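Trainee: Here the protein sequences line up with chains A, B, C, D, E and F, keeping their order.
Using the deposited numbering, the first residue of the first sequence is number 2, and each one after it goes up by one.
Using the deposited numbering, the first residue of the second sequence is number 909, and each one after it goes up by one.
In case it helps, the deposited numbering puts the third sequence at residues 2 to 55, 81 to 114.
In case it helps, the deposited numbering puts the fourth sequence at residues 1 to 761, 785 to 1119.
Using the deposited numbering, the first residue of the fifth sequence is number 1363, and each one after it goes up by one.
Using the deposited numbering, the first residue of the sixth sequence is number 512, and each one after it goes up by one.
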Amino acid sequence: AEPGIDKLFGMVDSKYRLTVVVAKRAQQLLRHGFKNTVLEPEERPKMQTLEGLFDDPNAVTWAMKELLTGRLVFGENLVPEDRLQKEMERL
Amino acid sequence: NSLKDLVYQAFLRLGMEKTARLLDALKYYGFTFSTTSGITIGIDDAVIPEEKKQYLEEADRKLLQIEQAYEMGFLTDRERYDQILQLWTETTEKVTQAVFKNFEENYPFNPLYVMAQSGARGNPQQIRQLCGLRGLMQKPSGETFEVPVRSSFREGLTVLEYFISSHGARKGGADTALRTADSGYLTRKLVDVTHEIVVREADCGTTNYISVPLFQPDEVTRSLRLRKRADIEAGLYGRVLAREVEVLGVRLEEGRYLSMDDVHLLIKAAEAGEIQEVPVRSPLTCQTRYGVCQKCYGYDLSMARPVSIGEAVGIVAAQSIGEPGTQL
Amino acid sequence: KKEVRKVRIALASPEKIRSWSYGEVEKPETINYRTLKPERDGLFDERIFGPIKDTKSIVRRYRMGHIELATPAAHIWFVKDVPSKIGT
Amino acid sequence: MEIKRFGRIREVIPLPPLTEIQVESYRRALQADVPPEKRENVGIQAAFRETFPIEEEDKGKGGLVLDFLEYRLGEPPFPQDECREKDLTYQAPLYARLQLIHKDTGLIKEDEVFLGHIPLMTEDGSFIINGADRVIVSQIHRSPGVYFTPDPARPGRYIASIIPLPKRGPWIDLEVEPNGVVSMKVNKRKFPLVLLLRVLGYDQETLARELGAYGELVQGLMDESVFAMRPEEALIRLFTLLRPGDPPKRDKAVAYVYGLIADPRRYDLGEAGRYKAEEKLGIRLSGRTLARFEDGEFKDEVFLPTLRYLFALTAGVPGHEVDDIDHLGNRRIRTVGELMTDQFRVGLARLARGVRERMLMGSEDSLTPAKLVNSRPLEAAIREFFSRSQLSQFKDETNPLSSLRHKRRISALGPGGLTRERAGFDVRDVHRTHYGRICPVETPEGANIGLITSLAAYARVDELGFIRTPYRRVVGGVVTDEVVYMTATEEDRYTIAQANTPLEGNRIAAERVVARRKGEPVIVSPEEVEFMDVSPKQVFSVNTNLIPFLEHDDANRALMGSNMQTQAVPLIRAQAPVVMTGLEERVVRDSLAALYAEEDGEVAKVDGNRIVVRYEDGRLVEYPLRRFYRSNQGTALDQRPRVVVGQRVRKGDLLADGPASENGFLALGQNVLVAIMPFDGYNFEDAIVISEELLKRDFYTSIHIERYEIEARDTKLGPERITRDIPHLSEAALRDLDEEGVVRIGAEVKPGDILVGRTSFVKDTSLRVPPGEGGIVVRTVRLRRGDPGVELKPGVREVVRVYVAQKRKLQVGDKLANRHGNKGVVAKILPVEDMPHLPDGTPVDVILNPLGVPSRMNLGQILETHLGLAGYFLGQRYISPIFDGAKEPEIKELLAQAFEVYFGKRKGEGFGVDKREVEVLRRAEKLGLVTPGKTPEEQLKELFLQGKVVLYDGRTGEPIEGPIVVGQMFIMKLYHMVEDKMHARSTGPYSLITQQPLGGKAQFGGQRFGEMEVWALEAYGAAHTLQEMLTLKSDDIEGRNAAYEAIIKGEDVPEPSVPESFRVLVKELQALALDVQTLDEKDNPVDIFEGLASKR
Amino acid sequence: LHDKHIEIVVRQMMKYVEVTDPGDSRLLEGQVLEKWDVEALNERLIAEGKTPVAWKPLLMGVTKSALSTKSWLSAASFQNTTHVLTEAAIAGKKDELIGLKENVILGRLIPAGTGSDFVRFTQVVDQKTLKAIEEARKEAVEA
Amino acid sequence: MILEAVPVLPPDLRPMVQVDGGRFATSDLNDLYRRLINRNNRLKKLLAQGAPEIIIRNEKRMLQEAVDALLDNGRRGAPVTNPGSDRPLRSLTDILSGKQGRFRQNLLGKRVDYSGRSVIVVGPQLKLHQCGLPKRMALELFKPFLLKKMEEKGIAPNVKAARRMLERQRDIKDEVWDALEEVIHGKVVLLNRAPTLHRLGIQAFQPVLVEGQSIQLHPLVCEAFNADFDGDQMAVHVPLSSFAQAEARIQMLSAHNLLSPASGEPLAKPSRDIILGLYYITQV
RNA sequence: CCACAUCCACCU
Ligand SMILES: [Mg+2]
Ligand SMILES: [Zn+2]
């Protein structure tokens, strides 16, 4: 499978919410680019033939490994949505 | 069955990744040891027990007796047909028992017997047809032929016996080719009628439930006995207790999902004779607008944990009901 | 821009039918064999359904016509349904 | 290499010509060979003499008498070779001699008038219609005659049915209603039969002493005595009861249309309807049907016997005299001849109506040749029957066995008014009368189960759709060589023994003999036996008879093995099975695929393409060979020479091999060393593990020919020219396109390479190799407007067809199977080094999973494996009948001899028993396989008797624990079309109405997602996957375009929009008086279209 | 086979009642039990006027239950387009997009699974962006 | 409720297409519309010229029948095409209703872009979360992703060059295979069996590039699908969006679906051969 | 261009 699906299910009330969180994190990682990650310093995905898993081979694994750590928060309404949603599309 | 229980226990007590790794290891080692063990099927592996021989003779003698019993006018056509059918269906079971006893006693490592004991392939009826006899054959009219098939596939079937078995072959082919369509139509009906059910919920204040019985109300004219373990498991496993119940010194709190261990404990307690009905929540009493709530739905899923909110339980329910219909 | 929330189905008035269509067809001439272009004001007229040459041809996928009958007629659905709606 | 046969049965008669049904039917239909003066009249001449001779008494210019004298046909316009090369019809023009007579003077006789071209049967038994060849399959239906059926509701009485043909005609139904009503419903309205009986000239007194003498139900008809006292005006009231509105003074309008010819069936005299009449009831049925018209009055020969017989059965009991609907003696076969004759007489009736109309319009008389008969209706009817009919279907030339089976198939279906797909459950089951006439195993699985079947090997339709089974006459205790072909009704009266009963030559050797009283297995004495089965082979079809050990197989796997024997491709070097049944030589001989010497002689010249043979009479004949002929299904048909220059040959001796014959023996497959053991995982459930030895030597290899075709046609922009030069770009790739427009022969072509260069109005529209595979160009044919004898589709100036051949080899995609229904797909091709091998250096070729044996019931393959193991060392072949094969002691003795030879060869070099063999033997001793206390010599011998030998792993070198069963199996590669090829596309053609993508020839086309897959997808929590797969990847054109551009740009796909299918649905709703619009959260309409719906 | 699925189907089988004592509608008409419950709660408690809508549960087959539904899209696409479309055309049937079949027809997001409003939107921000916006929040809370 | 003006469907919804040699294939909608237009024009002309009452009434009945036949065919009589082809014309209701109608072709999404199908073979060396995909069909299915990946590096200057490079297989290179392997490192594909009886008929897998024509399938899922290896084929689909990729990899991956939804019985249980081997090793 | 009809097969 993928690293720690059991604790990923444990830290969320429903699997569908986990899917929404991981996919939204992946979309952010794409459209921002991979700069705003919380796993930059040492713990990063390791590619086989080179270190190609530095930049962008597959972002779902990035989002999952990023959510495995405790630097992420998710909720129904945690931040004023209007400002960030208007800054999401107009930049 | 041991492997299935092992897999279920590993999934319950370990999780997802560990169960998958265990399955991979089991598959790899099973392949390697099946290869090195050398299981082969020859014509001599379909051993014909000698005792069954005289069994036929005995039946034949009894057959002759029934024959003369008909020529004296003591029996009617229906009575004679019933007697012949009962005699042959009894000697068939006797031959099957003798075949399996011979396999147990003389050749424990016989490929046919080894495959039959394990869940690999085959059934006792198929093993009997290979080594014993495929006696009773159904007529196209729906009844059964009076004359059975004495020979087996280890021996050579007579032309008439093969022509008779072609009846059953054609019946099976046509029955599959039409019952598949009927089952598909039923599945479509159920999916369309049930497609609107989705678990969207805050826990509904339902002070209602259903009492699942634990005893068969009528197996004889007037008697009570405990239901089969499979039926009780299919009725109780993964449900939510309506109200707190203490049956064997253990307090099963209200609102607790019934795991497999709880079902086993309840079955043991019912065997001891403490309770007869289990009050549990059910979708039938749920008050949700369009669907059922998490509590009233239950606990059984692809995983073990309680159902996630937002799952389309209606379509999976319809698929679960309709899938076995094609193999019925 | 607004999201779809409900789908309403109802009867269409003759005014609605005339509002839908852009002109009326009168000739039962689909397309001439020699001239691959549309023949006349019939079922494939150029000016009644839009340009056939690359607005794109997609307008012809959505523009509708209409026929003004000199005699009124009733929908077969409302007269031949098992409960005859006009009949009830 | 010797051939050893096991069965002890004297086949008194050999197999009849396996394709004689269609050939004899067509030869009886068309009597071209015999002079027209001959007495033979049934067939096309029957139709001519029945319908054509129109007579006109008084209608304007009366006295019209157009009579038929003779018909002839003797010359096909072209031989069949270019009738296949060019899309013509191998037909013959039909000429008829007509003559016209009027009431005045005049003999206007035209000896020759052309009326349509009728197709001619080829030598094998097929027809060529438009280039390709088709077969017309026989039909089974209710035989015409008089039947009796129990009432669906009333249990005391029943109904009688006299059934003529066609449907637009009589269908007489007699019912006895308890109020004393003899109801007779002819077409749609019931009728008291008493009035018709009175019309027939029968009074009450003869009805009393001829019908009511024995039965008390005559009061059910004699009660109506108030109205039975009229000779002739009863006919007038009978016509008045009808509702045509016509005046009652029409004596022979409808009362006589049920007379001689028009309405009543003209079923063939004696057997078609008379045998169903004369045998069932009465004594004889004089004439064709019930009528007299020489005195105005009417006569009967059916109504009175039918009433007498019905009253006898309903009151008394002459016998259990109720006809079964599915009894094969009451069912009749319309062969190709009968169907062709029916369609021909339909066309003749159309021509008769046309000529009657022309005569009515025409004024003068000297107009017999042209102004009367026109060939258009009859020719159109014949062409429609031979092209668009349901029973005239594409020939299956995968192999000679496939063609033969397709030629001898019987279908319950047909035009549509007889039997139909959706509901046929009652008639799908086999019947007790199918024994010896219809194969109970040959039916194809699927929707067409039970409806379509094949007749038995010894089965034979005699003259009128009545299958007859051969039976040996038994007188007392001696079995006579006399053989009689019997029908089901004839068979139901005697006791028939079995072929397996012990015999002392010409004497029954058993006391208790198994027999069939009436389809019922009983045991009797030899003195009560009248008939004997000729052979077990008469119970199964030709295809089913090829399975050696059928007696040890399940019916279902035997069915599918027989079915898959049809679809086995011919191999480059195919060899006959080690274990045979004995019909292979008969199959290859009767199927006209090989060459045989017609007379004793000596071969003169032998080449790769023709053989010149000089016979004993001094006449030399040249036999050409279809060297590489593409079949209907794309396989290769080859005749390989099998004789040497200056070699003496006998009559009927083999000259050249067929497409799938080794030496006069049906060889479609290979003989390979098979080990029945489970390998690692590569034979898991039904998969198959094969050696690389089978690939290092070309052992499973077939030539496949694909025929591409492209035409240049005259367009309004200008004619398209097949020219070498390409307009815009391709000149580097033009090297392969050697000549003008056509690619050179022998040039390999890959996908995307030009085959034919065509230029449209200039624009490049050239035929290229489609994505997938391409091989070697072998042939190219060009047809132009300069027609020697060819005809083309109007508007098309020319056409070119290119045949590309490739040499397919066995790989993972392919599937293999044996004659016992053990299907399998090659899963891995192992190298030679790591496969299991014998104690000798020889390794096994194929490894089969044993778990497929006990789950199903196919033990015949195990016996075949043991016998092949014996024959591999003995170097000989075995022929064993299906139900008289080799007994287990015989196979054991053969295995003992084989082990003697094998281990003697082993000891010849001075070797004993390996230590690995020692440990294997001790382990088997612990398993009870071998008796203890014996030396490894006889222990290994006893193990060999079981058919199991010690194998070595090869990967590890250590022996496989426990003995392994190995032998020789006949494994054949099944038909392999594009099914394995990956129809994987990413972007292709889209449909017009909806934008859902579907391609085909250009691109593979999208995979179905249906609703069950949708239900499964939304059973999960997947919502965005379904959203994109219904709109982004399926229909939303702007969405799919934007997604494609974004993916190219390496960005996330955009949000999907409303699919075009919903827009189509909305517009179709708006086409009706309906009104559908999408609404916002409030009651504000939202336009799904951008602005296109809004006007301007 | 477990009993949850059969119970779901049986509940959907008899989700219909027909009233005996009329309230604000006709008597011998059958429709959703839950709608009648809402009407009774509105009539007795929420609004003034004690008019008991005395109903009885009606058990109808799977086909009849599937055909007679509030949403006309599923009924039209299921068994018989003609009758369902005629009935939905007599009275303007504003099909609320509840149920998976209608959303499949329109191609929009499925209400079940990921599309459920319970989990449809879930804002996700990493630690540093959350800290920045929360610093903005607490500096908006002056002093 | 009765209609005075009859709507007319857009032309592309009832197109006339050249087939070969100038012949036109047309939907029955065009024929019905032509008949209605001709009959209405005849009625207008007849009403304009004169009023023979019986002829006018007959023409009114005829026009009403034509309108009814256009709206729905078969409810009264059976109007047919030109004589010689007795196939009833297809009306609006036939387009809508039926087992093959507009509702039963848009509810289903009968066609998909990024999809393929092939015969399946056993995959014993594969892990449970993996499937074997032939490299040619894998390259074809992931074509736009491959184009983008090789545009990232120096294989091709622009996407047109990459497409013309990949259009002919004689230009295949090891760098292209390496790029294709890099593309599908984290992607998953949906495998499907033709009869989708239950939820497990669709399963996500991690593709592994293999040499051959068949799809390698893990033996343990031989029971989740009703798929043996006697020649049956399975289909493969490729989700595109990262949202759908996460969905498939989380809640449709075969590694996460080990137990039935109908009951608690597992479906990833050891199969026939594994059971046989484990029984043989653990027997006394 | 692929529409529809008919037929034969393959996997359940
Ligand atoms: Mg299969
Ligand atoms: Zn609830």
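All C-beta atoms in this analysis are idealised placements derived from N, C-alpha and C, irrespective of residue type, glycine included.
(1) How many Å lie between residue 141(D) and residue 1234(B) at the Cα?
(2) Using a Cβ-based criterion (distance less than 7 Å to any ligand heavy atom), does residue 742(F) qualify as near ligand 1?
(3) Below 8 Å between beta carbons is the criterion; list the residues of the segment 612-625 of chain F that meet it against any residue of chain E, in chain order.
(4) Among the residues of its own chain, which have a CB less than 6 Å from the CB of residue 799(D), if the five just before and after it don't count?
(5) Taking only runs of the beta strand (DSSP E) that begin and end inside the segment 1365-1391 of chain E, which ones reach a length of at least 3 residues, in chain order?
(6) Quick one, which residues of the segment 1218-1232 of chain B are near chain E if we go by CB-CB under 8 Å, in chain order?
(7) Only counting the same chain, and skipping five residues up and downstream in sequence, which positions put a Cβ closer than 8 Å to that of residue 1065(D)?
(8) With 8 Å set as the bound, which would you pick, yes or no: does the beta-carbon of residue 1394(E) sit closer than that to a beta-carbon of chain A?
(9) Do residue 735(F) and residue 2(A) count as a contact pair if the criterion is CB distance below 8 Å?
(10) At a Cβ threshold of 8 Å, is residue 16(A) touching chain B?
(11) Within 10 angstroms of its Cβ, does residue 578(F) collect 16 or more other Cβ (buried), or is it exposed?
(12) What residue range is occupied by the uninterrupted beta strand (DSSP E) comprising residue 643(F)?
(13) What are the boundary residues of the alpha helix (DSSP H) that includes residue 1097(B)?
(14) Tell me, which residues are paired with residue 1488(E) by DSSP?
(15) Please list the residues of the segment 528-551 of chain F that have a C-beta atom closer than 8 Å to any C-beta atom in chain C, keeping them in chain order.
(16) Using only CA atoms, which one of 691(F), 519(F), 750(F) and 696(F) lies nearest to residue 664(F)?
(17) Please list, in chain order, all residues of the same chain as residue 259(D) whose beta carbon is under 7 Å from its beta carbon, the five residues on each side excluded.
(18) Starting from residue 1027(D), follow the alpha helix (DSSP H) in both directions and report where the run begins and ends.
(19) Please list, in chain order, the residues of the segment 1036-1059 of chain D that have any C-beta partner in chain F closer than 9 Å.
(20) If you measure from the CB of residue 739(F), is any heavy atom of ligand 1 nearer than 7 Å?
(21) For residue 333(D), which residues from the same chain have a beta carbon less than 6 Å from its beta carbon, with the 5 sequence-adjacent residues on both sides left out?
(22) Hey, residue 908(D) and residue 548(D): beta-carbon distance below 8 Å or not?
(23) Closer than 6 Å by C-beta to residue 311(D): which residues in its own chain qualify, once you throw out the five before and the five after it? Chain order, please.
(24) Kindly indicate if chain B contains any beta-carbon less than 8 Å away from that of residue 2(A).
Mentor: Taking the structure as given:
(1) When rounded, the separation of the alpha-carbon atoms in residue 141(D) and residue 1234(B) is 33 Å.
(2) At least one heavy atom of ligand 1 lies closer than 7 Å to the C-beta of residue 742(F).
(3) From the segment 612-625 of chain F, only 612, 614, 615, 617 and 618 have a Cβ closer than 8 Å to chain E.
(4) Result list for residue 799(D): 748 and 828, in chain order.
(5) Counting whole runs of 3 or more residues, the segment 1365-1391 of chain E contains the beta strand (DSSP E) stretches 1378-1381.
(6) Cβ contacts with chain E: 1218, 1219, 1220, 1221, 1222, 1223, 1224, 1225, 1226, 1228, 1229 and 1232.
(7) Here the set comprises 1076 and 1077.
(8) No, its Cβ sits nowhere closer than 8 Å to a Cβ of chain A.
(9) Not a contact, by the Cβ cut-off of 8 Å.
(10) Yes, residue 16(A) counts as interfacial toward chain B.
(11) It counts as buried.
(12) Per DSSP, residue 643(F) belongs to the beta strand (DSSP E) from 641-645.
(13) Start and end: 1067-1102.
(14) BP columns for residue 1488(E) point to 73(A).
(15) Residues passing the 8 Å Cβ filter: 533, 535, 537, 541, 544, 545, 546, 547, 548, 549 and 551.
(16) With respect to the C-alpha of residue 664(F), the residue from 691(F), 519(F), 750(F) and 696(F) having the closest C-alpha is 691(F).
(17) These residues qualify, in order along the chain: 291 and 293.
(18) Counting along the chain, residue 1027(D) falls outside any alpha helix (DSSP H), and DSSP gives it neither H nor E.
(19) Of all residues in the segment 1036-1059 of chain D, 1036, 1037, 1038, 1039, 1040, 1042, 1043, 1044, 1045, 1046, 1047, 1048, 1049, 1050, 1051, 1052, 1053, 1054, 1055, 1056, 1057 and 1058 have a Cβ within less than 9 Å of some Cβ in chain F.
(20) Under cutoff, so the answer is yes.
(21) If we look at residue 333(D) and ignore the five residues flanking it on each side, its Cβ neighbours are 138, 140, 461 and 465.
(22) Contact: yes.
(23) Counting only Cβ-Cβ distances below 6 Å, and skipping sequence neighbours, we find 215 and 217.
(24) True, the Cβ-Cβ gap to chain B drops below 8 Å.
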